[PDB]
>>> print(open('start-v9.cif').read())   # mmCIF, C-alpha atoms and all ligand atoms
data_work
#
loop_
_atom_site.label_atom_id
_atom_site.label_comp_id
_atom_site.auth_asym_id
_atom_site.auth_seq_id
_atom_site.Cartn_x
_atom_site.Cartn_y
_atom_site.Cartn_z
CA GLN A 1 8.27 -21.30 23.15
CA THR A 2 9.98 -23.21 20.33
CA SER A 3 8.03 -26.23 19.06
CA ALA A 4 9.38 -29.39 17.38
CA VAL A 5 8.07 -28.08 14.06
CA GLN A 6 9.76 -24.70 14.58
CA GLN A 7 13.04 -26.51 15.41
CA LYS A 8 12.81 -28.55 12.19
CA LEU A 9 12.10 -25.38 10.20
CA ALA A 10 15.13 -23.72 11.79
CA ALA A 11 17.33 -26.70 10.81
CA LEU A 12 16.00 -26.57 7.23
CA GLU A 13 16.71 -22.84 7.14
CA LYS A 14 20.23 -23.30 8.47
CA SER A 15 21.15 -25.89 5.79
CA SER A 16 19.59 -23.73 3.06
CA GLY A 17 21.80 -20.71 3.81
CA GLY A 18 18.84 -18.32 3.37
CA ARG A 19 15.98 -16.87 5.40
CA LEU A 20 12.71 -18.80 5.65
CA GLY A 21 9.29 -17.51 6.71
CA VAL A 22 6.35 -19.81 7.37
CA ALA A 23 2.80 -19.30 8.50
CA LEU A 24 0.19 -22.07 8.78
CA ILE A 25 -3.41 -21.70 9.81
CA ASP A 26 -5.14 -25.03 10.47
CA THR A 27 -8.85 -24.37 10.12
CA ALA A 28 -9.58 -27.65 12.02
CA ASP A 29 -8.97 -25.63 15.22
CA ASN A 30 -7.79 -22.20 13.99
CA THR A 31 -4.36 -22.81 15.41
CA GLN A 32 -1.26 -21.36 13.85
CA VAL A 33 2.35 -22.31 13.36
CA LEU A 34 4.78 -19.55 12.57
CA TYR A 35 8.46 -19.35 11.77
CA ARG A 36 9.75 -15.80 11.35
CA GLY A 37 6.03 -15.05 11.12
CA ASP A 38 6.38 -11.33 11.77
CA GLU A 39 9.44 -10.70 9.65
CA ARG A 40 9.06 -8.97 6.30
CA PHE A 41 9.73 -10.74 2.98
CA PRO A 42 9.41 -9.61 -0.64
CA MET A 43 6.11 -10.97 -1.94
CA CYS A 44 7.05 -11.10 -5.62
CA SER A 45 4.23 -12.71 -7.65
CA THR A 46 2.35 -13.87 -4.56
CA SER A 47 1.06 -10.28 -4.57
CA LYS A 48 -0.97 -11.20 -7.72
CA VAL A 49 -3.51 -12.79 -5.39
CA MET A 50 -4.21 -9.48 -3.69
CA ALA A 51 -4.51 -7.64 -7.00
CA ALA A 52 -6.90 -10.21 -8.51
CA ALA A 53 -8.95 -10.27 -5.31
CA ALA A 54 -9.22 -6.46 -5.30
CA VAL A 55 -10.66 -6.60 -8.86
CA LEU A 56 -13.02 -9.38 -7.77
CA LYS A 57 -14.21 -7.06 -4.99
CA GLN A 58 -14.83 -4.26 -7.50
CA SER A 59 -16.81 -6.74 -9.62
CA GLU A 60 -19.29 -7.28 -6.76
CA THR A 61 -20.86 -3.95 -7.65
CA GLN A 62 -20.29 -4.20 -11.46
CA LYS A 63 -21.65 -7.43 -12.92
CA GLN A 64 -19.94 -6.73 -16.27
CA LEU A 65 -16.53 -5.61 -14.94
CA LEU A 66 -14.84 -8.96 -15.56
CA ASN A 67 -15.99 -8.86 -19.17
CA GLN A 68 -14.49 -5.38 -19.66
CA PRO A 69 -11.80 -5.21 -22.35
CA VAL A 70 -8.37 -3.80 -21.68
CA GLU A 71 -6.18 -2.89 -24.61
CA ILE A 72 -2.86 -4.69 -24.76
CA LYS A 73 -0.31 -2.58 -26.64
CA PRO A 74 3.19 -3.63 -27.73
CA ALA A 75 4.58 -1.11 -25.21
CA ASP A 76 2.73 -2.91 -22.35
CA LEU A 77 4.73 -6.09 -22.64
CA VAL A 78 7.30 -6.46 -19.89
CA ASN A 79 9.61 -9.39 -19.04
CA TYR A 80 7.26 -12.39 -18.72
CA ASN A 81 4.04 -12.27 -20.77
CA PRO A 82 3.13 -15.72 -21.98
CA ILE A 83 -0.56 -14.87 -22.29
CA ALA A 84 -0.56 -11.11 -22.94
CA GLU A 85 1.86 -11.37 -25.89
CA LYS A 86 -0.75 -13.39 -27.75
CA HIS A 87 -3.17 -10.47 -27.46
CA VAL A 88 -0.99 -7.47 -28.28
CA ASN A 89 -2.86 -4.99 -30.53
CA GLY A 90 -6.05 -6.53 -29.22
CA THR A 91 -7.79 -6.81 -25.88
CA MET A 92 -8.17 -9.06 -22.88
CA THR A 93 -10.98 -8.91 -20.38
CA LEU A 94 -10.34 -8.37 -16.68
CA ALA A 95 -11.28 -12.04 -16.09
CA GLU A 96 -8.71 -13.08 -18.71
CA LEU A 97 -6.14 -10.84 -17.11
CA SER A 98 -6.89 -12.22 -13.65
CA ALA A 99 -6.65 -15.83 -14.87
CA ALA A 100 -3.40 -15.11 -16.74
CA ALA A 101 -1.85 -13.31 -13.72
CA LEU A 102 -2.83 -16.06 -11.28
CA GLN A 103 -2.47 -19.27 -13.32
CA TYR A 104 0.43 -18.36 -15.63
CA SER A 105 2.05 -15.59 -13.51
CA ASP A 106 1.86 -13.17 -16.47
CA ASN A 107 3.43 -9.83 -15.48
CA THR A 108 1.70 -7.73 -18.13
CA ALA A 109 -1.64 -9.11 -16.87
CA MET A 110 -0.66 -8.12 -13.29
CA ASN A 111 0.16 -4.58 -14.48
CA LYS A 112 -3.34 -4.26 -15.99
CA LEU A 113 -4.85 -5.37 -12.65
CA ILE A 114 -2.77 -2.81 -10.81
CA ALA A 115 -3.78 -0.07 -13.28
CA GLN A 116 -7.46 -1.02 -12.88
CA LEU A 117 -7.01 -0.37 -9.14
CA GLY A 118 -5.30 3.02 -9.70
CA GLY A 119 -1.72 1.86 -9.12
CA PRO A 120 0.13 -0.17 -6.47
CA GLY A 121 -1.49 1.85 -3.65
CA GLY A 122 -4.93 0.67 -4.82
CA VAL A 123 -3.85 -2.87 -4.06
CA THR A 124 -2.63 -1.78 -0.60
CA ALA A 125 -5.92 0.04 -0.03
CA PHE A 126 -7.86 -3.20 -0.69
CA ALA A 127 -5.60 -5.10 1.71
CA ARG A 128 -6.41 -2.51 4.40
CA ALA A 129 -10.13 -2.78 3.62
CA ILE A 130 -10.02 -6.51 4.42
CA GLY A 131 -8.06 -6.09 7.63
CA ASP A 132 -4.48 -6.56 6.44
CA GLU A 133 -2.44 -3.73 7.97
CA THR A 134 0.86 -5.28 6.87
CA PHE A 135 0.79 -5.88 3.10
CA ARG A 136 2.20 -3.10 0.92
CA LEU A 137 2.50 -2.88 -2.85
CA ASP A 138 4.71 0.02 -3.95
CA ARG A 139 5.74 -0.78 -7.53
CA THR A 140 4.52 -2.38 -10.73
CA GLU A 141 6.01 -5.36 -12.61
CA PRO A 142 8.78 -6.13 -13.06
CA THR A 143 10.53 -3.96 -10.47
CA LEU A 144 8.37 -5.15 -7.55
CA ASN A 145 10.57 -8.31 -7.63
CA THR A 146 13.91 -6.66 -6.83
CA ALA A 147 13.66 -8.29 -3.41
CA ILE A 148 16.52 -6.31 -1.86
CA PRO A 149 17.28 -7.31 1.75
CA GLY A 150 15.99 -4.70 4.19
CA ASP A 151 13.85 -2.94 1.55
CA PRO A 152 10.25 -2.54 2.84
CA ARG A 153 8.78 -2.06 -0.63
CA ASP A 154 6.45 -4.79 -1.92
CA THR A 155 6.66 -6.85 1.28
CA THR A 156 4.43 -8.53 3.80
CA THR A 157 4.86 -10.95 6.72
CA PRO A 158 3.95 -14.65 6.65
CA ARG A 159 1.39 -14.16 9.43
CA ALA A 160 -0.41 -11.36 7.61
CA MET A 161 -0.47 -13.15 4.27
CA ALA A 162 -1.82 -16.38 5.75
CA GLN A 163 -4.61 -14.51 7.53
CA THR A 164 -5.45 -12.64 4.32
CA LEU A 165 -5.42 -15.75 2.20
CA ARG A 166 -7.76 -17.43 4.68
CA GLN A 167 -10.20 -14.55 4.61
CA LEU A 168 -10.15 -14.38 0.80
CA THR A 169 -10.48 -18.11 0.03
CA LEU A 170 -12.34 -19.58 3.01
CA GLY A 171 -13.86 -16.60 4.79
CA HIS A 172 -16.00 -13.66 3.72
CA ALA A 173 -13.63 -10.97 2.49
CA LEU A 174 -15.22 -11.53 -0.94
CA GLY A 175 -18.76 -12.34 -1.97
CA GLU A 176 -19.53 -16.03 -2.32
CA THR A 177 -19.42 -15.97 -6.14
CA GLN A 178 -16.10 -14.15 -6.10
CA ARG A 179 -14.52 -16.38 -3.43
CA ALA A 180 -15.44 -19.42 -5.53
CA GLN A 181 -13.87 -17.83 -8.60
CA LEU A 182 -10.67 -17.07 -6.71
CA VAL A 183 -10.49 -20.64 -5.43
CA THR A 184 -11.11 -22.01 -8.94
CA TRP A 185 -8.32 -19.85 -10.28
CA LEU A 186 -5.85 -20.89 -7.59
CA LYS A 187 -6.70 -24.59 -8.01
CA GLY A 188 -5.95 -24.23 -11.72
CA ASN A 189 -2.50 -22.74 -11.18
CA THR A 190 0.11 -24.14 -13.59
CA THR A 191 3.27 -23.13 -11.74
CA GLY A 192 2.99 -24.77 -8.31
CA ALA A 193 3.92 -28.46 -8.47
CA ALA A 194 7.55 -27.98 -7.32
CA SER A 195 6.75 -25.69 -4.38
CA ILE A 196 4.43 -26.27 -1.40
CA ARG A 197 2.57 -28.98 -3.23
CA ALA A 198 5.72 -31.10 -3.64
CA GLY A 199 5.91 -31.46 0.14
CA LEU A 200 2.32 -32.64 0.65
CA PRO A 201 0.91 -36.18 0.50
CA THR A 202 -0.28 -36.80 -3.05
CA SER A 203 -3.83 -37.57 -1.94
CA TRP A 204 -4.28 -33.95 -0.81
CA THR A 205 -5.49 -31.14 -3.08
CA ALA A 206 -4.55 -27.47 -3.10
CA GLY A 207 -4.57 -24.15 -4.89
CA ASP A 208 -1.53 -21.88 -4.79
CA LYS A 209 0.27 -18.86 -6.17
CA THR A 210 4.06 -18.90 -6.54
CA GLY A 211 6.51 -16.02 -6.73
CA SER A 212 10.19 -15.49 -7.37
CA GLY A 213 12.61 -12.60 -7.72
CA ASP A 214 16.16 -11.49 -7.21
CA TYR A 215 18.10 -12.66 -4.12
CA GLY A 216 16.94 -16.15 -5.06
CA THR A 217 13.59 -15.22 -3.60
CA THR A 218 11.27 -18.20 -3.87
CA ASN A 219 7.73 -17.99 -2.49
CA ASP A 220 4.40 -19.85 -2.47
CA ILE A 221 1.08 -19.27 -0.78
CA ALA A 222 -1.55 -22.06 -0.74
CA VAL A 223 -4.96 -23.13 0.40
CA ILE A 224 -4.86 -26.90 1.04
CA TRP A 225 -7.52 -29.58 1.49
CA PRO A 226 -5.82 -32.51 3.26
CA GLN A 227 -7.42 -35.89 2.92
CA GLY A 228 -10.01 -36.21 5.68
CA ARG A 229 -9.16 -32.84 7.30
CA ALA A 230 -10.47 -29.23 7.32
CA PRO A 231 -8.48 -26.94 5.05
CA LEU A 232 -5.11 -25.34 5.79
CA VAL A 233 -3.69 -22.08 4.68
CA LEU A 234 0.11 -22.10 4.27
CA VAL A 235 2.60 -19.37 3.33
CA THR A 236 6.24 -20.19 2.66
CA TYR A 237 8.61 -17.35 1.83
CA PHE A 238 12.36 -17.75 1.22
CA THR A 239 15.09 -15.29 0.32
CA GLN A 240 18.87 -15.48 0.08
CA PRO A 241 21.83 -13.14 0.64
CA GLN A 242 23.21 -12.80 -2.89
CA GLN A 243 21.39 -10.92 -5.62
CA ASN A 244 22.07 -13.66 -8.22
CA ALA A 245 21.09 -16.63 -6.04
CA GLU A 246 19.27 -19.53 -7.68
CA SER A 247 15.57 -20.23 -6.85
CA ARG A 248 15.03 -22.95 -4.22
CA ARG A 249 11.53 -24.35 -4.66
CA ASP A 250 12.77 -27.50 -2.91
CA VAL A 251 13.11 -25.50 0.32
CA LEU A 252 9.41 -24.56 0.12
CA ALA A 253 8.54 -28.21 -0.48
CA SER A 254 10.63 -29.19 2.55
CA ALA A 255 8.92 -26.61 4.74
CA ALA A 256 5.52 -27.85 3.63
CA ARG A 257 6.54 -31.44 4.36
CA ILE A 258 7.58 -30.49 7.90
CA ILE A 259 4.26 -28.70 8.40
CA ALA A 260 2.25 -31.64 7.05
CA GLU A 261 4.14 -34.11 9.26
CA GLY A 262 3.43 -31.94 12.31
CA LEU A 263 -0.34 -32.27 12.04
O1 LIG B 301 9.62 -10.53 -12.94
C1 LIG B 301 10.44 -11.29 -12.41
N1 LIG B 301 10.20 -12.58 -12.17
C2 LIG B 301 9.00 -13.27 -12.44
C3 LIG B 301 8.17 -12.91 -13.52
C4 LIG B 301 6.99 -13.62 -13.69
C5 LIG B 301 6.60 -14.67 -12.88
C6 LIG B 301 7.46 -15.01 -11.84
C7 LIG B 301 7.12 -16.13 -10.95
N2 LIG B 301 5.89 -16.60 -10.78
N3 LIG B 301 5.96 -17.65 -9.92
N4 LIG B 301 7.25 -17.81 -9.53
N5 LIG B 301 7.99 -16.86 -10.23
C8 LIG B 301 8.66 -14.35 -11.62
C9 LIG B 301 11.76 -10.76 -11.98
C10 LIG B 301 11.96 -9.40 -12.00
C11 LIG B 301 13.15 -8.84 -11.58
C12 LIG B 301 14.18 -9.64 -11.10
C13 LIG B 301 13.99 -11.02 -11.07
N6 LIG B 301 14.80 -12.06 -10.71
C14 LIG B 301 14.10 -13.20 -10.84
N7 LIG B 301 12.88 -12.97 -11.36
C15 LIG B 301 12.77 -11.60 -11.49
#
>>> encode(input="start-v9.cif", output="structure tokens")
Amino acid sequence: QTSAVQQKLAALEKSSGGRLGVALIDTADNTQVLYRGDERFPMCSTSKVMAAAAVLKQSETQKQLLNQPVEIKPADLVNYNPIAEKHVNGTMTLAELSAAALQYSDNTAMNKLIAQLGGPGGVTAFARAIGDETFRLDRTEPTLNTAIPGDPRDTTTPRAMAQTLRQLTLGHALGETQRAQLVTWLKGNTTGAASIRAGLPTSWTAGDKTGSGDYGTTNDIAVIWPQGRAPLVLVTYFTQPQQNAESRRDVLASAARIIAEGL
């Protein structure tokens, strides 16, 4: 079937010129709304959630892991390092790296998370351990954002990512302490106000992680507490046909608005 909401999302997609993927889980009733829910999209920096969560999982059996220092060398800096560049020739802890990756979208910090997990495949292994058979991380930053149409590397589907984000933030994929830390980090994101959150009523609250890459790829994944309602999990992924296309955070906002209006 095609619902009213799916029809509205299709119309948004058509006027955007790109390809839109949406997955909602409403934890009021566990129902789902999907649009291209089983198509693959480049994750870009939304993959930082999986990496940080995998390190949180490791910390369950090492109480001091998040206080562990990681050397930041001049050679480690990549293309977007607003936090790590302050610490070059010094150290950051794994908590600091997780917070920088999630809240500032620092790519050097993400690379240290990936290295802590033994490379991109360590992030995929954690996804499999928590029931996500779809997610794959194949490369480090910055090349994981190439976002080439048809390229399976560094992709997932909206359905899989929504289910994962639910399990991480609201369910029991992590220990209680760790889940609370992940939620705190997401709620403190600095980069999200133009994306999903711009489409929601202002009384609501949320935590999110954005991403962007080539092909005008513009992504956001969020856990949302609507006023007076059980929480939602929402993924909005968007990618465009030309390598040099401009980001379109407004499309994510519009998708979120359609979703919110359909509750
Ligand atoms: O690392 C990249 N982008 C990047 C770096 C750091 C953070 C983000 C980001 N976070 N939230 N939304 N975008 C995006 C990047 C790499 C290669 C080609 C790209 N074209 C656009 N961005 C690209």
>>> closest_atom_pairs(input="start-v9.cif", of="chain A", to="ligand LIG 301 (chain B)", cutoff="6 Å", atoms="all atoms listed in the file", output="Markdown table")
| residue | atom | partner | partner_atom | distance |
| --- | --- | --- | --- | --- |
| A:45 | CA | B:LIG301 | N2 | 5.3 |
| A:80 | CA | B:LIG301 | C4 | 5.2 |
| A:105 | CA | B:LIG301 | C5 | 4.7 |
| A:106 | CA | B:LIG301 | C4 | 5.9 |
| A:107 | CA | B:LIG301 | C4 | 5.5 |
| A:142 | CA | B:LIG301 | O1 | 4.5 |
| A:143 | CA | B:LIG301 | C11 | 5.6 |
| A:145 | CA | B:LIG301 | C10 | 4.7 |
| A:146 | CA | B:LIG301 | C12 | 5.2 |
| A:210 | CA | B:LIG301 | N3 | 4.1 |
| A:211 | CA | B:LIG301 | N4 | 3.4 |
| A:212 | CA | B:LIG301 | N5 | 3.9 |
| A:213 | CA | B:LIG301 | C14 | 3.5 |
| A:214 | CA | B:LIG301 | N6 | 3.8 |
>>> atom_distance(input="start-v9.cif", atom1="atom CA of residue 75 of chain A", atom2="atom CA of residue 114 of chain A")
16.3 Å
>>> closest_residue(input="start-v9.cif", among="A:18, A:37, A:175, A:120", to="residue 246 of chain A", atoms="only C-alpha atoms")
A:18
>>> residues_around(input="start-v9.cif", residues="residue 100 of chain A", least_positions_apart="3", cutoff="9 Å", atoms="all atoms listed in the file", output="PyMOL selection string")
chain A and resi 81-84+95-97+103-107+109-110
>>> closest_residue(input="start-v9.cif", among="A:50, A:180, A:200, A:242", to="residue 262 of chain A", atoms="only C-alpha atoms")
A:200
>>> closest_residue(input="start-v9.cif", among="A:244, A:125, A:87, A:236", to="residue 216 of chain A", atoms="all atoms listed in the file")
A:244
>>> atom_distance(input="start-v9.cif", atom1="atom CA of residue 90 of chain A", atom2="atom CA of residue 177 of chain A")
28.3 Å
>>> closest_residue(input="start-v9.cif", among="A:140, A:64, A:167, A:195", to="residue 232 of chain A", atoms="all atoms listed in the file")
A:167
>>> atom_distance(input="start-v9.cif", atom1="atom CA of residue 215 of chain A", atom2="atom CA of residue 78 of chain A")
20.1 Å
>>> closest_residue(input="start-v9.cif", among="A:235, A:123, A:53, A:223", to="residue 36 of chain A", atoms="only C-alpha atoms")
A:235
>>> residues_around(input="start-v9.cif", residues="residue 198 of chain A", least_positions_apart="5", cutoff="9 Å", atoms="all atoms listed in the file", output="PyMOL selection string")
chain A and resi 192-193+249-250+252-254+256-257
>>> write_last_selection(input="start-v9.cif", atoms="C-alpha atoms", output="short mmCIF file (atom, residue, chain, number, x, y, z; two decimals), in the coordinates of the input")
data_model
loop_
_atom_site.label_atom_id
_atom_site.label_comp_id
_atom_site.auth_asym_id
_atom_site.auth_seq_id
_atom_site.Cartn_x
_atom_site.Cartn_y
_atom_site.Cartn_z
CA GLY A 192 2.99 -24.77 -8.31
CA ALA A 193 3.92 -28.46 -8.47
CA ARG A 249 11.53 -24.35 -4.66
CA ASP A 250 12.77 -27.50 -2.91
CA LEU A 252 9.41 -24.56 0.12
CA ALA A 253 8.54 -28.21 -0.48
CA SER A 254 10.63 -29.19 2.55
CA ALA A 256 5.52 -27.85 3.63
CA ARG A 257 6.54 -31.44 4.36
#
>>> closest_residue(input="start-v9.cif", among="A:43, A:70, A:24, A:135", to="residue 263 of chain A", atoms="all atoms listed in the file")
A:24
>>> residues_around(input="start-v9.cif", residues="residue 183 of chain A", least_positions_apart="5", cutoff="12 Å", atoms="only C-alpha atoms", output="tab-separated table (two decimals) with C-alpha atoms, in the coordinates of the input")
chain	number	residue	atom	x	y	z
A	49	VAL	CA	-3.51	-12.79	-5.39
A	52	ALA	CA	-6.90	-10.21	-8.51
A	53	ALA	CA	-8.95	-10.27	-5.31
A	56	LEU	CA	-13.02	-9.38	-7.77
A	99	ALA	CA	-6.65	-15.83	-14.87
A	102	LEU	CA	-2.83	-16.06	-11.28
A	103	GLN	CA	-2.47	-19.27	-13.32
A	165	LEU	CA	-5.42	-15.75	2.20
A	166	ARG	CA	-7.76	-17.43	4.68
A	167	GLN	CA	-10.20	-14.55	4.61
A	168	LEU	CA	-10.15	-14.38	0.80
A	169	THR	CA	-10.48	-18.11	0.03
A	170	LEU	CA	-12.34	-19.58	3.01
A	171	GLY	CA	-13.86	-16.60	4.79
A	174	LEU	CA	-15.22	-11.53	-0.94
A	176	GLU	CA	-19.53	-16.03	-2.32
A	177	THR	CA	-19.42	-15.97	-6.14
A	178	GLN	CA	-16.10	-14.15	-6.10
A	188	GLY	CA	-5.95	-24.23	-11.72
A	189	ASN	CA	-2.50	-22.74	-11.18
A	205	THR	CA	-5.49	-31.14	-3.08
A	206	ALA	CA	-4.55	-27.47	-3.10
A	207	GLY	CA	-4.57	-24.15	-4.89
A	208	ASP	CA	-1.53	-21.88	-4.79
A	209	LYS	CA	0.27	-18.86	-6.17
A	222	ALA	CA	-1.55	-22.06	-0.74
A	223	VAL	CA	-4.96	-23.13	0.40
A	224	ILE	CA	-4.86	-26.90	1.04
A	225	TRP	CA	-7.52	-29.58	1.49
>>> build_atoms(input="start-v9.cif", residues="segment 55-75 of chain A", atoms="N, CA, C and O atoms", output="mmCIF file, in the coordinates of the input")
data_model
loop_
_atom_site.group_PDB
_atom_site.id
_atom_site.type_symbol
_atom_site.label_atom_id
_atom_site.label_comp_id
_atom_site.auth_asym_id
_atom_site.auth_seq_id
_atom_site.Cartn_x
_atom_site.Cartn_y
_atom_site.Cartn_z
ATOM 1 N N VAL A 55 -9.795 -6.727 -7.678
ATOM 2 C CA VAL A 55 -10.660 -6.600 -8.860
ATOM 3 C C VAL A 55 -11.921 -7.442 -8.686
ATOM 4 O O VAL A 55 -13.023 -6.957 -9.020
ATOM 5 N N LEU A 56 -11.817 -8.640 -8.104
ATOM 6 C CA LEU A 56 -13.020 -9.380 -7.770
ATOM 7 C C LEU A 56 -13.949 -8.575 -6.850
ATOM 8 O O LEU A 56 -15.179 -8.571 -7.052
ATOM 9 N N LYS A 57 -13.383 -7.904 -5.855
ATOM 10 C CA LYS A 57 -14.210 -7.060 -4.990
ATOM 11 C C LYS A 57 -14.918 -5.969 -5.794
ATOM 12 O O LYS A 57 -16.109 -5.711 -5.584
ATOM 13 N N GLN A 58 -14.195 -5.284 -6.682
ATOM 14 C CA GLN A 58 -14.830 -4.260 -7.500
ATOM 15 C C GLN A 58 -15.976 -4.877 -8.311
ATOM 16 O O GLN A 58 -17.009 -4.224 -8.513
ATOM 17 N N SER A 59 -15.791 -6.107 -8.793
ATOM 18 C CA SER A 59 -16.810 -6.740 -9.620
ATOM 19 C C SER A 59 -18.107 -7.035 -8.858
ATOM 20 O O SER A 59 -19.126 -7.309 -9.489
ATOM 21 N N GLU A 60 -18.072 -7.025 -7.528
ATOM 22 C CA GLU A 60 -19.290 -7.280 -6.760
ATOM 23 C C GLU A 60 -20.344 -6.241 -7.039
ATOM 24 O O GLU A 60 -21.519 -6.541 -6.914
ATOM 25 N N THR A 61 -19.922 -5.021 -7.357
ATOM 26 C CA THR A 61 -20.860 -3.950 -7.650
ATOM 27 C C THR A 61 -20.938 -3.607 -9.149
ATOM 28 O O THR A 61 -21.666 -2.699 -9.523
ATOM 29 N N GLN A 62 -20.244 -4.371 -9.993
ATOM 30 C CA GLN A 62 -20.290 -4.200 -11.460
ATOM 31 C C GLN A 62 -20.290 -5.569 -12.130
ATOM 32 O O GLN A 62 -19.224 -6.200 -12.315
ATOM 33 N N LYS A 63 -21.479 -6.085 -12.379
ATOM 34 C CA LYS A 63 -21.650 -7.430 -12.920
ATOM 35 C C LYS A 63 -20.900 -7.673 -14.248
ATOM 36 O O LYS A 63 -20.590 -8.817 -14.591
ATOM 37 N N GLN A 64 -20.628 -6.615 -14.996
ATOM 38 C CA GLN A 64 -19.940 -6.730 -16.270
ATOM 39 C C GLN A 64 -18.449 -6.413 -16.212
ATOM 40 O O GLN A 64 -17.767 -6.502 -17.231
ATOM 41 N N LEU A 65 -17.933 -6.037 -15.048
ATOM 42 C CA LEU A 65 -16.530 -5.610 -14.940
ATOM 43 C C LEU A 65 -15.587 -6.678 -15.501
ATOM 44 O O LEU A 65 -14.651 -6.355 -16.205
ATOM 45 N N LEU A 66 -15.795 -7.946 -15.144
ATOM 46 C CA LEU A 66 -14.840 -8.960 -15.560
ATOM 47 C C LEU A 66 -14.870 -9.238 -17.054
ATOM 48 O O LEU A 66 -13.930 -9.826 -17.582
ATOM 49 N N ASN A 67 -15.914 -8.763 -17.741
ATOM 50 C CA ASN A 67 -15.990 -8.860 -19.170
ATOM 51 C C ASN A 67 -15.479 -7.613 -19.899
ATOM 52 O O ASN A 67 -15.493 -7.589 -21.125
ATOM 53 N N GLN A 68 -15.063 -6.608 -19.130
ATOM 54 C CA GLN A 68 -14.490 -5.380 -19.660
ATOM 55 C C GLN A 68 -13.158 -5.598 -20.372
ATOM 56 O O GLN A 68 -12.219 -6.095 -19.769
ATOM 57 N N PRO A 69 -13.033 -5.056 -21.588
ATOM 58 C CA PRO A 69 -11.800 -5.210 -22.350
ATOM 59 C C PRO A 69 -10.752 -4.223 -21.896
ATOM 60 O O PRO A 69 -11.071 -3.084 -21.493
ATOM 61 N N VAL A 70 -9.503 -4.637 -21.999
ATOM 62 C CA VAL A 70 -8.370 -3.800 -21.680
ATOM 63 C C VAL A 70 -7.468 -3.981 -22.879
ATOM 64 O O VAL A 70 -7.167 -5.098 -23.294
ATOM 65 N N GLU A 71 -7.097 -2.864 -23.475
ATOM 66 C CA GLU A 71 -6.180 -2.890 -24.610
ATOM 67 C C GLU A 71 -4.796 -3.343 -24.165
ATOM 68 O O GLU A 71 -4.284 -2.905 -23.139
ATOM 69 N N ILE A 72 -4.226 -4.246 -24.950
ATOM 70 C CA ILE A 72 -2.860 -4.690 -24.760
ATOM 71 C C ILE A 72 -2.055 -4.132 -25.923
ATOM 72 O O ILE A 72 -2.305 -4.492 -27.071
ATOM 73 N N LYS A 73 -1.168 -3.190 -25.615
ATOM 74 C CA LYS A 73 -0.310 -2.580 -26.640
ATOM 75 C C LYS A 73 1.095 -3.178 -26.599
ATOM 76 O O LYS A 73 1.550 -3.672 -25.573
ATOM 77 N N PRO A 74 1.834 -3.076 -27.702
ATOM 78 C CA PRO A 74 3.190 -3.630 -27.730
ATOM 79 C C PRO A 74 4.034 -3.041 -26.587
ATOM 80 O O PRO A 74 4.811 -3.753 -25.950
ATOM 81 N N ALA A 75 3.849 -1.756 -26.293
ATOM 82 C CA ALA A 75 4.580 -1.110 -25.210
ATOM 83 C C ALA A 75 4.229 -1.651 -23.817
ATOM 84 O O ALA A 75 4.965 -1.417 -22.849
#
